[PDB]
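Taken in order, the sequence shown gives residues 1 to 153; the numbers are from PDB author numbering.
Structure first, commentary second.
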Amino acid sequence: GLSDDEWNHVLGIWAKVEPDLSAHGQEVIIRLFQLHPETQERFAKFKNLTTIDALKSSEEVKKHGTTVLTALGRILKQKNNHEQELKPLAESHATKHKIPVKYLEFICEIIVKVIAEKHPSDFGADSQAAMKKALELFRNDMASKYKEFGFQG
Ligand code: HEM
């Protein structure tokens, strides 16, 4: 996938994200639901969190956003060989939650967005290109794994 000098850009940011992972994680979930309300339907647990304000104030939502980013970071860190980290993610998203590859792309777009919003002097063109290509490789590999579980995407 990526060249070392892209991974360098990816890891470069990521280090700047971890100090506030929790905050980032929650903004990504809230933004997902608010820009794409269909995704909210896949979370039985957040079903009731109807207004925005009930989202901003859920500590389940923050906890789950933190969980989403944590796994991402683990996978970004393995750089190009991240199969042992993806597999369990692919399995649950395919056989359990049943998440389309399109929703995957939706969240990847927001992750990039949230980072840019939060790190204006550091998240530049180059880093943005590289981040995208990293999330794109993740999306692909997820989609591929999905097939081994009989799920389409
Ligand atoms: C690429 C970003 C994503 C990552 C890194 C991520 C990862 C997480 C992790 C670590 C879990 C819990 C462990 C597991 O069940 O495997 C979680 C739960 C789950 N994920 Fe994701 N996820 C991704 C995107 C998506 C998207 C776009 C959706 C669609 C709305 C989604 C919906 C869910 C659901 C429904 C659960 C169940 C939560 C619960 O049991 O209440 N995920 N995911």
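In this text, a Cβ means the ideal position worked out from N, Cα and C, and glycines have one as well.
Tell me which residues share the same chain as residue i and place their Cβ nearer than 8 Å to its Cβ, disregarding the 5 neighbours each side in the sequence.
i, result
"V61", "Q26, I29, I30, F46, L49, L55"
"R42", "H97, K98, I99, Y103"
"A116", "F123, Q128"
"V112", "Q128, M131, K132, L135"
"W14", "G73, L76, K77"
Cβ of residue i within 7 Å of any heavy atom in ligand 1?
i, result
"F123", "no"
"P37", "no"
"residue 187", "Since the displayed the chain opens at 1 and closes at 153, residue 187 lies outside it and no answer follows."
"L89", "yes"
"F43", "yes"
"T67", "yes"
"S92", "yes"
"residue 156", "There is no way to answer for residue 156, as the model of the chain reaches only from 1 to 153."
"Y146", "no"
"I115", "no"
"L2", "no"
"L86", "no"
"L49", "no"
"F149", "no"
"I107", "yes"
"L104", "yes"
"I99", "yes"
Please list, in chain order, all residues of the same chain as residue i whose beta carbon is under 7 Å from its beta carbon, the five residues on each side excluded.
i, result
"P100", "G153"
"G12", "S127"
"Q40", "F33, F46"
"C108", "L135, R139"
Tell me which residues share the same chain as residue i and place their Cβ nearer than 6 Å to its Cβ, disregarding the 5 neighbours each side in the sequence.
i, result
"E85", "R74, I75, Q78"
"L137", "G1"
"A143", "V101, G153"
"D53", "none"
What is the DSSP secondary structure of residue i, counted as helix, strand or coil?
i, result
"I107", "helix"
"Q152", "coil"
"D141", "helix"
"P100", "coil"
"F43", "coil"
"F123", "coil"
"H36", "coil"
"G1", "coil"
"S92", "helix"
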